[PDB]
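Content type compact mmCIF, C-alpha atoms and all ligand atoms, from the file model29.txt:
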```txt
# COMPACT_ATOMS: atom_id res chain seq x y z
CA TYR A 5 0.00 0.00 0.00
CA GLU A 6 1.68 3.24 -1.12
CA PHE A 7 -0.62 5.20 1.22
CA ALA A 8 0.66 3.24 4.23
CA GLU A 9 3.42 4.42 6.51
CA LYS A 10 3.67 0.87 7.90
CA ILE A 11 1.65 -2.33 8.39
CA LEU A 12 0.78 -2.91 12.07
CA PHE A 13 -0.82 -6.36 11.82
CA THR A 14 -1.10 -8.70 8.88
CA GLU A 15 -4.29 -10.61 8.10
CA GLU A 16 -2.63 -13.78 9.44
CA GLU A 17 -1.67 -12.04 12.69
CA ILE A 18 -5.18 -10.61 13.24
CA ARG A 19 -6.72 -14.05 12.55
CA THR A 20 -4.36 -15.69 15.08
CA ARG A 21 -5.11 -13.12 17.78
CA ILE A 22 -8.86 -13.27 17.16
CA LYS A 23 -8.88 -17.05 17.62
CA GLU A 24 -7.00 -16.69 20.94
CA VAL A 25 -9.44 -14.03 22.15
CA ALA A 26 -12.38 -16.26 21.10
CA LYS A 27 -10.99 -19.18 23.10
CA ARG A 28 -10.84 -16.87 26.13
CA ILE A 29 -14.34 -15.51 25.62
CA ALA A 30 -15.46 -19.17 25.33
CA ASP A 31 -13.75 -20.08 28.62
CA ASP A 32 -15.02 -17.01 30.44
CA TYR A 33 -18.58 -17.69 29.36
CA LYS A 34 -18.65 -21.43 29.96
CA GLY A 35 -20.30 -21.04 33.35
CA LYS A 36 -23.09 -19.02 31.75
CA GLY A 37 -24.38 -22.10 29.97
CA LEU A 38 -24.92 -20.28 26.68
CA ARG A 39 -27.36 -22.14 24.45
CA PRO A 40 -28.73 -21.42 20.97
CA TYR A 41 -32.25 -19.95 20.84
CA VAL A 42 -32.74 -19.66 24.58
CA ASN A 43 -29.42 -18.31 25.79
CA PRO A 44 -27.13 -16.99 23.06
CA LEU A 45 -24.38 -14.44 23.73
CA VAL A 46 -25.74 -11.22 22.17
CA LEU A 47 -23.06 -9.57 20.02
CA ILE A 48 -23.72 -5.84 19.54
CA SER A 49 -21.70 -5.04 16.42
CA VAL A 50 -21.02 -1.33 16.16
CA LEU A 51 -21.38 -0.34 12.51
CA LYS A 52 -19.73 0.57 10.29
CA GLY A 53 -16.25 -0.22 11.55
CA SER A 54 -17.01 -3.44 13.37
CA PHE A 55 -18.48 -5.29 10.36
CA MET A 56 -15.27 -7.12 9.49
CA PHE A 57 -14.10 -7.88 13.03
CA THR A 58 -17.62 -9.11 13.80
CA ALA A 59 -17.67 -11.40 10.74
CA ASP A 60 -14.39 -13.04 11.69
CA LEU A 61 -15.00 -13.06 15.44
CA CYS A 62 -18.39 -14.72 15.34
CA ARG A 63 -16.81 -17.49 13.24
CA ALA A 64 -13.92 -17.97 15.69
CA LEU A 65 -16.52 -18.09 18.50
CA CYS A 66 -18.44 -20.72 16.51
CA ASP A 67 -15.21 -22.77 16.37
CA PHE A 68 -15.38 -22.84 20.19
CA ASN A 69 -19.12 -23.66 20.28
CA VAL A 70 -20.24 -20.32 21.67
CA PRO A 71 -23.77 -19.67 20.28
CA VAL A 72 -24.33 -16.02 19.35
CA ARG A 73 -27.11 -13.67 18.23
CA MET A 74 -26.01 -10.60 16.23
CA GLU A 75 -27.44 -7.15 16.82
CA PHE A 76 -26.14 -4.55 14.42
CA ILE A 77 -26.28 -0.96 15.58
CA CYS A 78 -24.81 2.11 13.96
CA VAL A 79 -23.06 4.91 15.79
CA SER A 80 -21.17 7.86 14.31
CA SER A 81 -18.53 10.18 15.77
CA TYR A 82 -15.57 10.72 13.48
CA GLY A 83 -17.52 11.09 10.24
CA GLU A 84 -15.28 12.05 7.33
CA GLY A 85 -12.54 13.27 9.65
CA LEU A 86 -9.48 12.21 11.63
CA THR A 87 -10.61 13.27 15.10
CA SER A 88 -13.56 12.62 17.42
CA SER A 89 -16.40 15.10 16.89
CA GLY A 90 -16.90 15.04 20.63
CA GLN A 91 -20.42 13.83 19.87
CA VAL A 92 -21.57 10.22 19.56
CA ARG A 93 -24.61 9.88 17.25
CA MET A 94 -26.93 6.88 17.43
CA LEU A 95 -28.16 6.12 13.92
CA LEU A 96 -29.57 2.66 14.62
CA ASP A 97 -30.14 0.85 17.95
CA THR A 98 -30.77 -2.86 18.72
CA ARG A 99 -33.78 -4.61 17.20
CA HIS A 100 -34.51 -6.51 20.40
CA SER A 101 -34.29 -5.87 24.12
CA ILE A 102 -31.05 -6.90 25.81
CA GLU A 103 -32.65 -7.03 29.26
CA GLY A 104 -31.69 -10.19 31.10
CA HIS A 105 -29.36 -11.41 28.33
CA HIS A 106 -25.55 -11.70 28.24
CA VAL A 107 -24.29 -8.93 25.94
CA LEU A 108 -20.85 -8.41 24.41
CA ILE A 109 -20.30 -5.16 22.52
CA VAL A 110 -17.94 -5.80 19.56
CA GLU A 111 -15.86 -2.78 18.47
CA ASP A 112 -13.02 -2.30 15.98
CA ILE A 113 -11.15 0.34 18.03
CA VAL A 114 -11.26 2.38 21.24
CA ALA A 115 -9.32 5.67 21.18
CA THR A 116 -10.77 8.66 23.09
CA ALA A 117 -13.38 6.15 24.35
CA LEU A 118 -16.24 8.61 23.94
CA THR A 119 -18.09 6.10 21.68
CA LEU A 120 -17.71 3.08 23.92
CA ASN A 121 -18.35 5.18 27.01
CA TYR A 122 -21.63 6.45 25.56
CA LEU A 123 -22.58 2.95 24.37
CA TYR A 124 -21.67 1.13 27.56
CA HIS A 125 -23.70 3.64 29.58
CA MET A 126 -26.73 3.33 27.30
CA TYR A 127 -26.84 -0.44 27.41
CA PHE A 128 -25.93 -0.62 31.11
CA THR A 129 -29.18 1.06 32.12
CA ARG A 130 -31.06 -1.57 30.08
CA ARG A 131 -30.30 -4.26 32.64
CA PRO A 132 -28.65 -7.00 30.59
CA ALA A 133 -27.59 -10.16 32.51
CA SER A 134 -24.01 -9.09 31.94
CA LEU A 135 -22.32 -6.48 29.75
CA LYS A 136 -18.82 -6.74 28.41
CA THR A 137 -16.88 -5.23 25.50
CA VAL A 138 -14.30 -6.65 23.10
CA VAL A 139 -12.25 -4.23 21.00
CA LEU A 140 -10.01 -5.19 18.11
CA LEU A 141 -7.62 -2.31 18.74
CA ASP A 142 -6.93 -0.21 21.83
CA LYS A 143 -5.26 3.13 21.25
CA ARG A 144 -4.42 3.43 24.96
CA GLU A 145 -2.68 6.81 24.79
CA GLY A 146 -5.70 8.30 23.04
CA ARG A 147 -8.21 8.44 25.91
CA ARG A 148 -10.32 11.49 26.66
CA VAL A 149 -12.54 9.62 29.11
CA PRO A 150 -11.58 6.44 30.97
CA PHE A 151 -12.53 3.03 29.69
CA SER A 152 -11.12 -0.47 29.87
CA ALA A 153 -12.53 -3.13 27.57
CA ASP A 154 -12.94 -6.63 28.87
CA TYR A 155 -11.07 -8.10 25.92
CA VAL A 156 -8.43 -6.44 23.72
CA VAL A 157 -7.00 -8.18 20.66
CA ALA A 158 -4.22 -5.64 20.15
CA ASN A 159 -2.85 -2.36 21.53
CA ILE A 160 -1.64 0.33 19.11
CA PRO A 161 0.29 3.62 19.34
CA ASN A 162 -1.27 7.05 18.74
CA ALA A 163 -1.42 6.86 14.94
CA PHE A 164 -4.45 6.86 12.67
CA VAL A 165 -4.93 3.28 11.52
CA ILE A 166 -6.98 1.98 8.59
CA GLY A 167 -7.88 -1.37 7.14
CA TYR A 168 -9.84 -4.34 8.45
CA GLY A 169 -13.02 -2.26 8.71
CA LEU A 170 -11.34 0.91 9.96
CA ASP A 171 -11.60 3.91 7.67
CA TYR A 172 -10.49 7.42 7.00
CA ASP A 173 -13.29 9.23 5.17
CA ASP A 174 -15.11 5.93 4.46
CA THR A 175 -12.08 4.69 2.54
CA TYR A 176 -9.70 1.75 3.30
CA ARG A 177 -12.17 -0.39 5.26
CA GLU A 178 -11.54 -3.25 2.87
CA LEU A 179 -7.81 -3.80 3.52
CA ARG A 180 -6.88 -7.26 4.83
CA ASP A 181 -4.17 -5.77 7.07
CA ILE A 182 -4.15 -2.98 9.67
CA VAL A 183 -1.87 -0.18 8.55
CA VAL A 184 -0.84 3.33 9.56
CA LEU A 185 -2.13 5.92 7.09
CA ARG A 186 0.53 8.39 5.85
CA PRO A 187 -0.21 11.94 6.99
CA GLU A 188 0.69 13.24 3.48
CA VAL A 189 -2.23 11.17 2.15
CA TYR A 190 -4.77 12.31 4.72
CA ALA A 191 -3.43 15.85 4.72
CA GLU A 192 -3.95 16.15 0.97
CA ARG A 193 -7.40 14.62 1.32
CA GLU A 194 -8.31 16.88 4.25
CA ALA A 195 -6.95 19.76 2.19
CA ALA A 196 -9.47 18.81 -0.51
CA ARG A 197 -12.12 20.20 1.88
CA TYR B 5 -24.08 -30.26 12.56
CA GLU B 6 -26.94 -32.31 14.09
CA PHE B 7 -29.46 -29.64 13.08
CA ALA B 8 -28.39 -29.85 9.44
CA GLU B 9 -29.54 -32.42 6.95
CA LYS B 10 -26.81 -31.64 4.39
CA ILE B 11 -23.67 -29.53 3.76
CA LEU B 12 -24.00 -27.28 0.72
CA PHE B 13 -20.71 -25.45 0.72
CA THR B 14 -17.74 -25.56 3.07
CA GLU B 15 -15.96 -22.33 4.05
CA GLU B 16 -13.18 -23.10 1.58
CA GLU B 17 -15.54 -23.66 -1.36
CA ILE B 18 -17.34 -20.36 -0.55
CA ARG B 19 -14.05 -18.51 -0.20
CA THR B 20 -12.98 -19.70 -3.67
CA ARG B 21 -16.25 -18.86 -5.45
CA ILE B 22 -16.33 -15.36 -3.91
CA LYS B 23 -12.85 -14.73 -5.31
CA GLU B 24 -13.98 -15.77 -8.81
CA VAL B 25 -16.98 -13.42 -8.58
CA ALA B 26 -14.78 -10.59 -7.28
CA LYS B 27 -12.36 -11.08 -10.18
CA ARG B 28 -15.35 -10.77 -12.55
CA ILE B 29 -16.80 -7.69 -10.87
CA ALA B 30 -13.31 -6.16 -11.06
CA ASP B 31 -13.07 -6.88 -14.80
CA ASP B 32 -16.61 -5.57 -15.41
CA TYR B 33 -15.70 -2.34 -13.61
CA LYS B 34 -12.22 -1.97 -15.10
CA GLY B 35 -13.66 0.67 -17.42
CA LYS B 36 -15.53 2.63 -14.79
CA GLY B 37 -12.55 4.72 -13.70
CA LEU B 38 -13.18 3.82 -10.04
CA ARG B 39 -11.02 5.69 -7.54
CA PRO B 40 -11.18 6.15 -3.76
CA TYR B 41 -12.91 9.18 -2.25
CA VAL B 42 -14.27 10.47 -5.54
CA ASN B 43 -15.40 7.39 -7.48
CA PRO B 44 -15.49 4.19 -5.38
CA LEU B 45 -17.70 1.18 -6.02
CA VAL B 46 -20.40 1.65 -3.37
CA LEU B 47 -21.38 -1.65 -1.74
CA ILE B 48 -24.83 -1.44 -0.23
CA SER B 49 -24.81 -4.27 2.26
CA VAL B 50 -28.30 -5.31 3.25
CA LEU B 51 -28.34 -6.24 6.95
CA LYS B 52 -28.27 -8.55 8.64
CA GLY B 53 -27.60 -11.64 6.53
CA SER B 54 -25.09 -10.18 4.10
CA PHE B 55 -22.70 -8.82 6.75
CA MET B 56 -20.50 -11.92 6.51
CA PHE B 57 -20.58 -12.16 2.70
CA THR B 58 -19.80 -8.44 2.57
CA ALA B 59 -16.74 -8.79 4.85
CA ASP B 60 -15.13 -11.50 2.67
CA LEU B 61 -16.28 -10.02 -0.65
CA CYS B 62 -14.84 -6.52 -0.02
CA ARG B 63 -11.54 -8.14 0.88
CA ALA B 64 -11.61 -10.17 -2.37
CA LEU B 65 -12.39 -6.97 -4.29
CA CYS B 66 -9.46 -5.33 -2.48
CA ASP B 67 -7.26 -8.19 -3.80
CA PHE B 68 -8.19 -6.93 -7.25
CA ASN B 69 -7.49 -3.31 -6.38
CA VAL B 70 -11.13 -2.17 -6.63
CA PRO B 71 -11.65 0.87 -4.30
CA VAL B 72 -14.90 0.34 -2.38
CA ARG B 73 -17.17 2.34 -0.08
CA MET B 74 -19.19 0.35 2.42
CA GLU B 75 -22.80 1.17 3.22
CA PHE B 76 -25.09 -0.86 5.49
CA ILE B 77 -28.84 -0.63 5.37
CA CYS B 78 -31.49 -1.96 7.69
CA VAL B 79 -35.01 -2.59 6.52
CA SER B 80 -38.16 -3.64 8.33
CA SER B 81 -41.56 -5.06 7.41
CA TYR B 82 -44.47 -2.61 7.51
CA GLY B 83 -46.85 -5.29 8.76
CA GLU B 84 -48.24 -8.63 7.55
CA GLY B 85 -49.67 -8.52 4.02
CA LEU B 86 -49.43 -4.73 3.78
CA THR B 87 -47.70 -4.81 0.40
CA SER B 88 -46.74 -7.33 -2.28
CA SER B 89 -44.61 -4.72 -4.04
CA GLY B 90 -42.05 -5.82 -1.46
CA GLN B 91 -42.10 -2.33 0.04
CA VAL B 92 -39.96 -2.10 3.15
CA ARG B 93 -39.46 0.44 5.92
CA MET B 94 -35.91 1.94 5.78
CA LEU B 95 -34.50 2.02 9.33
CA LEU B 96 -30.99 2.85 8.17
CA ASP B 97 -30.07 4.05 4.67
CA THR B 98 -26.82 4.95 2.92
CA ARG B 99 -24.66 7.61 4.57
CA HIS B 100 -23.55 9.18 1.29
CA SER B 101 -25.75 9.89 -1.70
CA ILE B 102 -25.40 7.25 -4.43
CA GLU B 103 -26.52 9.73 -7.08
CA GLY B 104 -23.84 9.72 -9.77
CA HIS B 105 -21.99 6.74 -8.29
CA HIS B 106 -21.43 3.15 -9.29
CA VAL B 107 -23.38 1.01 -6.83
CA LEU B 108 -23.51 -2.72 -6.09
CA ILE B 109 -26.17 -4.02 -3.71
CA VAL B 110 -24.86 -6.98 -1.65
CA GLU B 111 -27.28 -9.69 -0.51
CA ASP B 112 -26.87 -13.14 0.95
CA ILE B 113 -29.83 -14.77 -0.73
CA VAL B 114 -32.54 -14.08 -3.28
CA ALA B 115 -35.61 -16.31 -3.57
CA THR B 116 -38.96 -14.52 -3.90
CA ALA B 117 -37.01 -11.36 -4.78
CA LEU B 118 -39.80 -9.13 -3.43
CA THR B 119 -37.56 -7.02 -1.21
CA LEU B 120 -34.50 -6.98 -3.40
CA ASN B 121 -36.59 -5.95 -6.44
CA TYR B 122 -38.10 -3.13 -4.37
CA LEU B 123 -34.64 -2.01 -3.24
CA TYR B 124 -33.16 -2.17 -6.72
CA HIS B 125 -35.75 0.19 -8.20
CA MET B 126 -35.60 2.47 -5.13
CA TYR B 127 -31.87 3.03 -5.52
CA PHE B 128 -32.29 3.09 -9.28
CA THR B 129 -34.55 6.15 -8.84
CA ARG B 130 -31.78 7.95 -6.94
CA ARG B 131 -29.82 8.13 -10.21
CA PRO B 132 -26.49 6.36 -9.53
CA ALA B 133 -23.94 6.20 -12.37
CA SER B 134 -24.84 2.50 -12.45
CA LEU B 135 -26.54 -0.13 -10.29
CA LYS B 136 -25.94 -3.87 -10.05
CA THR B 137 -26.50 -6.58 -7.45
CA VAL B 138 -24.44 -9.49 -6.16
CA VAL B 139 -26.15 -12.25 -4.21
CA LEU B 140 -24.26 -15.16 -2.67
CA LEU B 141 -27.13 -17.64 -3.11
CA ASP B 142 -30.02 -17.74 -5.58
CA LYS B 143 -33.08 -19.96 -5.35
CA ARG B 144 -33.95 -19.34 -9.01
CA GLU B 145 -37.18 -21.37 -8.64
CA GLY B 146 -38.51 -19.25 -5.77
CA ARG B 147 -39.42 -16.04 -7.59
CA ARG B 148 -42.60 -14.23 -6.55
CA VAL B 149 -41.65 -11.30 -8.80
CA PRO B 150 -39.34 -11.47 -11.86
CA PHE B 151 -35.78 -10.58 -10.92
CA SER B 152 -32.24 -11.34 -12.09
CA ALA B 153 -29.19 -10.57 -9.97
CA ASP B 154 -26.11 -9.39 -11.88
CA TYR B 155 -23.68 -11.67 -10.04
CA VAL B 156 -24.50 -14.87 -8.14
CA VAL B 157 -22.02 -17.06 -6.28
CA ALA B 158 -24.20 -20.20 -6.37
CA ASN B 159 -27.70 -21.27 -7.52
CA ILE B 160 -29.31 -23.51 -4.93
CA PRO B 161 -32.40 -25.73 -4.60
CA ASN B 162 -35.48 -24.66 -2.69
CA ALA B 163 -34.45 -25.71 0.79
CA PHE B 164 -33.94 -23.47 3.81
CA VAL B 165 -30.21 -22.78 4.13
CA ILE B 166 -28.39 -21.44 7.21
CA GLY B 167 -24.87 -20.37 8.08
CA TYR B 168 -22.46 -17.87 6.61
CA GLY B 169 -24.72 -15.01 7.72
CA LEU B 170 -27.99 -16.82 7.00
CA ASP B 171 -30.17 -17.59 9.97
CA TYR B 172 -33.20 -19.37 11.21
CA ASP B 173 -34.80 -17.56 14.14
CA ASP B 174 -31.58 -15.45 14.37
CA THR B 175 -29.60 -18.65 15.01
CA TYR B 176 -26.66 -20.16 13.03
CA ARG B 177 -25.52 -17.01 11.21
CA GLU B 178 -22.04 -17.59 12.65
CA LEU B 179 -21.44 -20.90 10.89
CA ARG B 180 -18.41 -20.87 8.58
CA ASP B 181 -20.30 -23.15 6.13
CA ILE B 182 -23.69 -23.10 4.39
CA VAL B 183 -25.88 -26.01 5.36
CA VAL B 184 -29.50 -27.05 4.83
CA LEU B 185 -31.63 -26.94 7.96
CA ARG B 186 -33.39 -30.22 8.83
CA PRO B 187 -36.94 -29.52 7.53
CA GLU B 188 -38.27 -30.95 10.79
CA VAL B 189 -36.47 -28.26 12.74
CA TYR B 190 -37.85 -25.44 10.59
CA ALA B 191 -41.29 -26.97 11.30
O1 LIG A 201 -12.90 5.79 20.95
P1 LIG A 201 -13.36 6.84 20.02
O2 LIG A 201 -12.46 7.99 19.86
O3 LIG A 201 -14.79 7.19 20.20
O4 LIG A 201 -13.06 6.24 18.58
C1 LIG A 201 -13.46 4.95 18.16
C2 LIG A 201 -14.78 4.97 17.25
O5 LIG A 201 -14.56 5.80 16.08
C3 LIG A 201 -14.74 4.89 15.04
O6 LIG A 201 -16.12 5.01 14.52
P2 LIG A 201 -16.57 6.20 13.54
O7 LIG A 201 -17.08 7.25 14.43
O8 LIG A 201 -15.42 6.62 12.75
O9 LIG A 201 -17.65 5.52 12.71
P3 LIG A 201 -17.48 4.28 11.83
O10 LIG A 201 -17.44 3.05 12.62
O11 LIG A 201 -18.63 4.14 10.94
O12 LIG A 201 -16.31 4.41 10.97
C4 LIG A 201 -14.36 3.52 15.42
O13 LIG A 201 -15.12 2.68 14.59
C5 LIG A 201 -15.04 3.55 16.72
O14 LIG A 201 -16.46 3.34 16.66
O1 LIG A 202 -36.10 -13.53 -1.26
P1 LIG A 202 -36.95 -13.94 -0.05
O2 LIG A 202 -37.39 -15.37 0.18
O3 LIG A 202 -38.03 -12.98 0.24
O4 LIG A 202 -35.91 -13.74 1.21
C1 LIG A 202 -34.61 -13.08 1.16
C2 LIG A 202 -34.44 -12.18 2.38
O5 LIG A 202 -34.86 -12.85 3.65
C3 LIG A 202 -33.66 -12.85 4.38
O6 LIG A 202 -33.55 -11.61 5.15
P2 LIG A 202 -34.35 -11.59 6.58
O7 LIG A 202 -35.72 -11.10 6.37
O8 LIG A 202 -34.30 -13.01 6.95
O9 LIG A 202 -33.46 -10.64 7.31
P3 LIG A 202 -32.08 -10.95 7.80
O10 LIG A 202 -31.06 -10.79 6.75
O11 LIG A 202 -31.76 -9.95 8.80
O12 LIG A 202 -32.08 -12.36 8.34
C4 LIG A 202 -32.47 -12.86 3.46
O13 LIG A 202 -31.33 -12.56 4.36
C5 LIG A 202 -32.97 -11.80 2.44
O14 LIG A 202 -33.01 -10.44 2.96
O1 LIG A 203 -6.84 5.35 14.26
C1 LIG A 203 -8.06 5.39 13.97
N1 LIG A 203 -8.62 4.92 12.74
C2 LIG A 203 -9.95 4.85 12.39
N2 LIG A 203 -10.94 5.25 13.20
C3 LIG A 203 -10.47 5.73 14.38
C4 LIG A 203 -11.21 6.22 15.42
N3 LIG A 203 -10.37 6.55 16.38
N4 LIG A 203 -9.13 6.34 16.11
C5 LIG A 203 -9.14 5.82 14.82
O1 LIG A 204 -33.12 -20.52 2.70
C1 LIG A 204 -33.11 -19.43 3.23
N1 LIG A 204 -32.33 -19.20 4.34
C2 LIG A 204 -32.32 -18.04 5.07
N2 LIG A 204 -33.09 -16.95 4.78
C3 LIG A 204 -33.83 -17.18 3.67
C4 LIG A 204 -34.69 -16.28 3.05
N3 LIG A 204 -35.19 -16.92 2.02
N4 LIG A 204 -34.75 -18.13 1.88
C5 LIG A 204 -33.87 -18.33 2.92
MG MG A 205 -17.23 2.93 14.71
MG MG A 206 -14.64 5.88 11.02
MG MG A 207 -31.39 -10.29 4.57
MG MG A 208 -33.06 -14.16 8.23
```
Once more with this new file: its structure as structure tokens, please.
Amino acid sequence: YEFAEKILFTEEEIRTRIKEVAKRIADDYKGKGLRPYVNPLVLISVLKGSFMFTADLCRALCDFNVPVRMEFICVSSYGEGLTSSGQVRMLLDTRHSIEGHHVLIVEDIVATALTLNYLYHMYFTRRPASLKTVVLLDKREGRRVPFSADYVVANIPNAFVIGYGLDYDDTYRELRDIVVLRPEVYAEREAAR
Amino acid sequence: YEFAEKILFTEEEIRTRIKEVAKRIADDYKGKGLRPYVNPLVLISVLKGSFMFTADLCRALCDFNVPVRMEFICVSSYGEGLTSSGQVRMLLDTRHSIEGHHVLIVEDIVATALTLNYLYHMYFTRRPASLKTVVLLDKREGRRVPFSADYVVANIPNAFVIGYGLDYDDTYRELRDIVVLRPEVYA
């Protein structure tokens, strides 16, 4: 990728880490007696970014016999830009109630944590049986508000990453690898506005 | 797979076919001058079933250097027997306007085609540079309204399939393979 400063994780690496995280989620939830139809683990996939991670994660979870039920929601905060708007917009909420069910919010990245903080708070008041979060990437040095996900596949430095569902101006979501976007590429693009 | 009466496609067979379809889409768009930001191929992923197909397809398209823009839409039924035009309530629509853009609607399965036909014409009215559809599975014999998808990964018999995004009672979407649900189970 000529627009990439560097590749952080290859597709193979992500796949490996996701399987390991799935095995852990499976072990941690064993006592919950998850069962299809009556007791699935509800995966709240945060669109658009989480589509890819969710697709691969639910499969890895299936490998470990963890039955799941997908709920796709859509939340917006960065829009076409590089930084948090400071506002988290709910564009689509869950189709069904989460009350009394085990819920795992599936996110591609946590940076300032405004998104996950807003989401966790919203669902928390809905009284699910349990509420946890799994993030693909944790940009630890990017927090504006505190938040610690229950499961983290990878930690990354303070650089704008793209690929594997993550975008910059709704571009690059389709990359198989996670890469650092060159500032000369986003600067030119940002300049175009 | 005790709940399945037969295996239709394994994850590896699906993976392969998707790549062949992506290579074709790429060739068919080679003369569209597609470029990121300004002229990407807009994939309108119809939730919830196509989320998995969309994830692997966009990656296959990326293998062929096609710049894509992902859109996810959520539709709902107005009520029972309130239409036959396949009209659906739009709970979540495209973020960007498709007007003047090359669009590809992504679906997991087409059978009756009532909803997909409705969606096709709806987006068609928004005036995109072009509009095509790609469906992973097609029950050609199930049509309730005439409809032909532009790209299809596999034609299948009239049996209820699950897995690879497809569900039954919101169950089994996470399967890596596409299997036929034991008719008894479906009831
Ligand atoms: O921790 P935060 O600073 O809140 O940043 C993380 C959020 O920002 C991104 O979403 P975005 O708002 O870009 O929407 P998107 O998923 O559709 O790309 C990313 O997908 C997370 O949802
Ligand atoms: O062509 P037809 O026989 O009418 O059916 C096709 C539609 O039904 C299914 O969606 P569903 O209503 O099941 O929504 P879902 O994708 O969220 O499961 C499938 O995923 C297509 O959207
Ligand atoms: O590095 C990054 N890439 C894509 N989206 C986001 C959001 N926060 N931080 C990001
Ligand atoms: O076989 C099938 N499996 C899952 N959803 C649908 C819709 N129509 N036909 C289906
Ligand atoms: Mg997001
Ligand atoms: Mg974004
Ligand atoms: Mg569907
Ligand atoms: Mg369904």
Counting only C-alpha atoms, which residue out of B:76, B:41, B:127, B:5 sits closest to residue 173 of chain A?
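Nearest to residue 173 of chain A: B:41.
Nearest to ligand LIG 201 (chain A) of all the residues B:74, B:183, B:25, B:45 is B:74, counting only C-alpha atoms and all ligand atoms.
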Check: which chain A residues lie within 6 Å of chain B using only C-alpha atoms, as a list in words
residues 56, 59, 62, 63 and 178 of chain A
Atoms kept (C-alpha atoms) for selection, written as a PDB file, in the frame of the given file:
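Result saved to out_13.pdb:
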```pdb
ATOM      1  CA  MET A  56     -15.270  -7.120   9.490  1.00  0.00           C
ATOM      2  CA  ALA A  59     -17.670 -11.400  10.740  1.00  0.00           C
ATOM      3  CA  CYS A  62     -18.390 -14.720  15.340  1.00  0.00           C
ATOM      4  CA  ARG A  63     -16.810 -17.490  13.240  1.00  0.00           C
ATOM      5  CA  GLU A 178     -11.540  -3.250   2.870  1.00  0.00           C
TER       6      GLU A 178
END
```
Of the candidates A:52, A:21, A:99, A:143, which shows the shortest atom-to-atom distance to residue 170 of chain A, using all atoms listed in the file?
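Once distances to residue 170 of chain A are computed over all atoms listed in the file, the minimum belongs to A:52.
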Hey, can you check how far atom CA of residue 95 of chain A sits from atom CA of residue 81 of chain A?
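Straight-line distance from atom CA of residue 95 of chain A to atom CA of residue 81 of chain A works out to 10.6 Å.
The binding environment of ligand MG 206 (chain A), defined as every protein, DNA or RNA residue with an atom no more than 9 Å away and counting all atoms listed in the file, comprises residues 52, 53, 80, 81, 82, 83, 84, 85, 86, 166, 169, 170, 171, 172, 173, 174, 175 and 177 of chain A.
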For atom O8 of ligand LIG 202 (chain A) and atom CA of residue 189 of chain B, the interatomic separation in Å (one decimal)
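About the pair atom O8 of ligand LIG 202 (chain A) and atom CA of residue 189 of chain B: they are 16.5 Å apart.
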May I ask for the distance between atom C4 of ligand LIG 202 (chain A) and atom CA of residue 139 of chain A, given in Å to one decimal place?
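Result for atom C4 of ligand LIG 202 (chain A) versus atom CA of residue 139 of chain A: 28.1 Å, one decimal.
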Grab me every residue within 7 Å of ligand LIG 202 (chain A), counting all atoms listed in the file, and send it over as a PyMOL selection string.
chain B and resi 50-54+111-119+170-171+174
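You can rank A:69, A:121, A:87, A:54 by their closest distance to ligand MG 205 (chain A) using only C-alpha atoms and all ligand atoms, and at the top of that list sits A:54.
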Any idea what's packed within 6 Å of residue 133 of chain A, counting all atoms listed in the file, ignoring anything in its chain fewer than 4 positions away? Could you give it as a PyMOL selection string?
chain A and resi 104-106
Writer output for current selection, C-alpha atoms, as an mmCIF file, in the coordinates of the input:
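So the final result, stored in part01.cif, reads:
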```cif
data_model
loop_
_atom_site.group_PDB
_atom_site.id
_atom_site.type_symbol
_atom_site.label_atom_id
_atom_site.label_comp_id
_atom_site.auth_asym_id
_atom_site.auth_seq_id
_atom_site.Cartn_x
_atom_site.Cartn_y
_atom_site.Cartn_z
ATOM 1 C CA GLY A 104 -31.690 -10.190 31.100
ATOM 2 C CA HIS A 105 -29.360 -11.410 28.330
ATOM 3 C CA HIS A 106 -25.550 -11.700 28.240
#
```
With all atoms listed in the file as the counted atoms, please give the residues lying no more than 9 Å from residue 162 of chain A, apart from itself and same-chain residues fewer than 6 positions off, as a list in words.
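With the cut-off at 9 Å, the set is residues 115, 143, 144, 145 and 146 of chain A.
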Close residues, residue 155 of chain A itself excluded, 10 Å, all atoms listed in the file, min 2 positions apart in chain, as an NGL selection string:
:A and (25-26 or 28-29 or 108 or 110 or 136-142 or 152-153 or 157-158)
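With all atoms listed in the file as the atoms that count, the residue of B:94, B:159, B:49, B:138 with the shortest distance to ligand MG 207 (chain A) is B:49.
Using all atoms listed in the file, the smallest distance between any of B:137, B:98, B:129, B:162 and ligand LIG 201 (chain A) comes from B:98.
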So which residues are close to (0.4, 1.0, 6.4), meaning at most 8 Å away in the file's coordinates with only C-alpha atoms counted, and can you show them as a compact mmCIF listing (two decimals) with C-alpha atoms, in the frame of the given file?
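Output file result-v4.txt is given in full below:
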```txt
# COMPACT_ATOMS: atom_id res chain seq x y z
CA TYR A 5 0.00 0.00 0.00
CA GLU A 6 1.68 3.24 -1.12
CA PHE A 7 -0.62 5.20 1.22
CA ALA A 8 0.66 3.24 4.23
CA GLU A 9 3.42 4.42 6.51
CA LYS A 10 3.67 0.87 7.90
CA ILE A 11 1.65 -2.33 8.39
CA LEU A 12 0.78 -2.91 12.07
CA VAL A 165 -4.93 3.28 11.52
CA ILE A 166 -6.98 1.98 8.59
CA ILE A 182 -4.15 -2.98 9.67
CA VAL A 183 -1.87 -0.18 8.55
CA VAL A 184 -0.84 3.33 9.56
CA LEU A 185 -2.13 5.92 7.09
CA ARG A 186 0.53 8.39 5.85
```
